[PDB]
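Heads up, the thing below is written out as structure tokens.
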Number of protein chains: 2
Amino acid sequence: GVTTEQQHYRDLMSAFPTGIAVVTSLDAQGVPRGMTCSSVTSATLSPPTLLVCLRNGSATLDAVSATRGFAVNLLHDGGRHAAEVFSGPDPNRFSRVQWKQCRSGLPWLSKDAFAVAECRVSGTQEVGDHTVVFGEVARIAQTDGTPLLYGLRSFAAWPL
Amino acid sequence: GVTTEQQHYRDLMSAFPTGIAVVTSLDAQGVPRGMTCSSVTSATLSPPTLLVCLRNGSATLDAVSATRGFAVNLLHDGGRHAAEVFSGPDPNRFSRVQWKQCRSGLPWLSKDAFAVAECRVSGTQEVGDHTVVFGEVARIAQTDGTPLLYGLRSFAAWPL
Ligand SMILES: Cc1cc2nc3c(=O)[nH]c(=O)nc-3n(C[C@H](O)[C@H](O)[C@H](O)COP(=O)(O)OP(=O)(O)OC[C@H]3O[C@@H](n4cnc5c(N)ncnc54)[C@H](O)[C@@H]3O)c2cc1C
Ligand SMILES: Cc1cc2nc3c(=O)[nH]c(=O)nc-3n(C[C@H](O)[C@H](O)[C@H](O)COP(=O)(O)OP(=O)(O)OC[C@H]3O[C@@H](n4cnc5c(N)ncnc54)[C@H](O)[C@@H]3O)c2cc1C
Ligand SMILES: Cc1cc2nc3c(=O)[nH]c(=O)nc-3n(C[C@H](O)[C@H](O)[C@H](O)COP(=O)(O)OP(=O)(O)OC[C@H]3O[C@@H](n4cnc5c(N)ncnc54)[C@H](O)[C@@H]3O)c2cc1C
Ligand SMILES: Cc1cc2nc3c(=O)[nH]c(=O)nc-3n(C[C@H](O)[C@H](O)[C@H](O)COP(=O)(O)OP(=O)(O)OC[C@H]3O[C@@H](n4cnc5c(N)ncnc54)[C@H](O)[C@@H]3O)c2cc1C
């Protein structure tokens with residue numbers, strides 16, 4: 001029954017660095033929604049499926065649920081400003097980055113991302129106040145780029 | 001082997017770098033098992049819950065499923081050899097690293113890890129030929145260290 005304290009858990013997870021995505025979708029009104037997301041994780045190749053973990057009540061999760069699809073925009077190492085915009089309190093985040101619609105309508109961050117994966121929601125699992133969203137990847141557009149990172153409470157860039 | 005569609009997905013996920021864990025457990029017969037794992041992700045803070053995604057039929061998933069506990073060993077930048085051992089074909093991996101048994105029985109990679117988190121399995125979800133394993137974190141030990149990273153088909157060190 002023993003359970004670690006929340007702060008010790010944050011200190012642990014802060015020491016597992018990751019890339020950074022902006023996960024996007026459309027709300028029921030057709031308005032683009034999205035957030036900075038470091039919980040992008042590969043699940044399986046058969047068929048290609050990733051997952052993300054989104055806060056319950058977030059605008060992005062609501063949009064993902066309404067559209068049943070989402071785009072994962074992997075940020076290159078020039079993308080820190082986008083990652084800040086998409087994790088902070090600013091209104092109208094899509095007015096502050098360049099973006100375009102995918103053929104599906106999903107928002108693509110065309111200047112700040114080096115890759116965009118369009119996903120269909122294939123399932124969800126609530127865990128506490130979050131939801132794990134499974135995304136079956138439908139289409140990928142990918143260019144050369146050096147990934148942005150986040151870890152130990154800082155932004156960095158892939159070093160190689 | 002992989003299909004063309006799976007290869008494009010691999011190319012995408014390769015470009016999302018991460019830290020590196022070795023996920024360990026004991027199998028039903030008490031033998032240590034483990035694997036190199038980059039799928040560590042945070043699920044929720046209340047209670048502290050992470051997830052990992054493990055291949056179905058792997059020795060490590062069999063052990064985790066049988067005993068319902070596992071340790072997440074986060075590797076420092078001196079831990080590349082352990083990451084290679086725990087992802088390679090040789091099942092004799094625990095004779096190739098220095099390790100210690102926790103009080104609970106879980107294997108701790110004492111020389112190669114800067115943090116260890118002991119987890120109880122709180123749920124699972126099969127996805128294709130993998131299983132997402134939710135771990136409620138029971139205990140963490142952590143020291144300063146530079147995380148090992150993997151991305152773009154290479155190991156690297158967190159750059160600070
Ligand atoms: C590196 C990093 C990684 C992250 N990874 C994840 C992850 O994997 N999963 C996750 O759930 N979260 C994650 N976050 C947090 C997430 O980016 C923010 O919570 C984001 O604001 C969520 O946006 P939203 O529009 O979906 O949600 P909402 O919180 O519903 O915000 C709606 C809108 O209100 C505004 N707003 C934003 N924050 C606030 C606020 N505090 N108060 C008032 N208005 C606000 C913005 O315009 C926002 O678009 C991460 C943050 C960082 C920095
Ligand atoms: C999966 C995930 C979910 C998030 N959910 C929210 C949320 O519900 N509301 C919000 O305002 N911001 C949320 N965020 C943003 C988060 O609280 C931090 O602001 C952001 O992750 C940057 O924190 P840090 O690493 O600098 O430091 P810390 O705040 O010390 O976080 C360290 C690590 O702890 C984990 N973590 C932190 N907060 C949460 C959380 N609330 N739920 C799950 N894991 C967490 C993440 O892995 C994070 O990288 C979330 C981030 C992630 C990655
Ligand atoms: C979630 C996950 C599951 C894995 N499952 C297996 C497995 O069942 N059998 C095996 O022999 N090795 C598996 N591996 C190891 C994997 O095949 C690669 O050898 C390892 O991730 C390093 O690959 P790479 O990044 O150098 O290049 P690549 O082989 O090009 O892989 C690139 C990325 O694709 C993703 N990926 C690759 N293979 C898989 C897979 N099978 N399932 C889900 N995502 C995958 C990972 O995110 C990986 O980093 C898995 C890795 C991960 C992260
Ligand atoms: C950077 C990186 C990240 C990765 N991330 C992931 C991830 O997140 N998820 C994932 O699933 N994989 C991941 N992998 C792949 C994973 O580390 C390897 O597939 C690993 O070898 C699995 O180990 P295992 O002992 O659990 O599995 P197994 O594949 O069962 O066994 C490994 C080897 O031992 C043999 N063996 C197993 N059991 C026995 C036994 N009882 N007696 C004799 N021989 C036996 C097998 O035949 C095989 O040769 C990753 C790899 C890399 C390089």
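Convention: sequence-line order gives letters A, B, ...; per-chain numbering from 1. All ligand and atom numbering here is 1-based and tracks the order in the structure.
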Problem - Check: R10(B) N/O within less than 3.5 Å of ligand 3 N/O - result: yes

Requested in this report: For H130(A) and ligand 2, answer yes if some heavy atom of the residue is under 4.0 Å from a ligand atom, otherwise no.
Outcome: yes

Quick look: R55(B) vs ligand 3, heavy-atom contacts under 4.0 Å, and the answer is side chain

Counting heavy atoms under 4.0 Å, the part of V52(B) that contacts ligand 4 is neither

query = Protein heavy atom under 4.0 angstrom of atom 13 (C) of ligand 3, is there one?
reply = no

Problem set entry | contact_flag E84(B) ligand 4 heavy-atom lt 4.0 Å | no

Return yes if some donor-acceptor pair links the side-chain N/O of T49(B) with the main-chain N/O of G135(B) below 3.5 Å, else return no.
no

Specify whether the nearest protein heavy atom to atom 39 (C) of ligand 3 is under 4.0 angstrom away.
-> yes

**Prompt:** Looking only at distance, does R153(B) have an N or O less than 3.5 Å from an N or O of ligand 3?
**Reply:** yes

_Can you confirm whether some protein heavy atom lies under 4.0 Å from atom 1 (C) of ligand 3, or whether none does?_
yes

### Query
Could a heavy atom of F16(B) be found less than 4.0 Å from some atom of ligand 3?
no

Min over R93(B), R33(B), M35(B) of heavy-atom distance to atom 21 (O) of ligand 4 lands on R93(B)

For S38(A), the ligand 2 atoms with a heavy-atom partner under 4.0 Å come out as 53 (C)

Check: Within the structure, does at least one protein heavy atom fall under 4.0 Å of atom 48 (C) of ligand 3?
Finding: no

